[PDB]
């Protein structure tokens, strides 16, 4: 059967000068039943990744409008296509951008999550060029809606290929929805960038450039892995203070440095003999911080892990060439290199330990008694409340906005 539900439609890219009102609306959509190995999923909540706002601005979607937004969220399996294996109706799942076939040479390497068989669905469509999402326009015509990539989370019901899904309910039966939501992107990204990609060991020094939800997740990982030194860099004093409270040892307000002192110079001055850090994480989306993160790393030895995204002129980023040749080591990172079968189960177990749960609670501003987050909007309460919430994503103390989609 076809489900009618609420979803957040993006009519067109919000280009500079345009408002959220110009492009973002809560509408009724039609969600087709799942086919093949798909899950149709009753969404509990989505949470707002900075990449969700980039999507609203047209990021990676030159033609793929109108769409339903969102890649960060959690929900419950309502129904499955006839070929689906290893899932049941009622399982709680997240479905990030990359699957894990376990047989391709990338999977078999043991050192990456960039699966050759279950890669990013850049088409924002089913492989036959159709979509499980449609709506009736004010002209009465049935119109296609694009996904974000393989799915959209800013909807009461989504459909996703089960080769991208991983279940929460067996390991973490009591995990609240907003915590499941941040495990699907922001928290897996920051935690994994430190744990898996930079491979932080006890006694290592770490620099994190940008302490939004991703960078704070990285601080939580660095503290858990017993980093000797955790340096955070941002312009936002509220989030720097939150980073310090959750384990960071030194903070730098990049907008308060002297004009002649770069962020990388300030970071290196905190390290013995100005040698730099064992691990350098960028989690800002500021193209300048991608270059500064590369420079703050110990030449050759240290890895710089780039998680940041933004809308860059010619879709290009830059590095200072001499500092790059003489020991730069830079990797692109998607979802913290957290492989959905090999790594995610272990991350889920770790997320339930009390200090890690306390860190996720602080990111979210979660109240256990009411199951409310500090910044939360409900899709059932109208487009104006949503437009205000999306503006308030820029509020100094908004770390993670949660979009409630159904009763918990």
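Positions refer to the first chain, counted from 1.
Look at the C-alpha B-factors of 239 to 247 and of 130 to 138. On average they run higher in 130 to 138. In this entry, 78 to 86 shows the higher mean Cα temperature factor of the pair 96 to 104 and 78 to 86.
Of the residues listed, 322, 179, 148, 337, the entry assigns the biggest Cα temperature factor to 322. Comparing C-alpha B-factors across 68, 45, 369, 53 in the deposited entry, the largest value falls on 369.
Annotation for residue 217: CA B-factor lies in the lowest third of the chain's modelled residues. Residue 278: CA B factor in the middle third of modelled residues in this chain (values from the PDB entry).
Per-chain ranking of the deposited C-alpha B factor places residue 393 in the middle third. In this PDB entry, the Cα temperature factor of residue 2 sits in the top third of its chain's modelled residues, the highest group.
Among all modelled residues in this chain, the alpha-carbon of residue 301 has a temperature factor (C-alpha) in the middle third.
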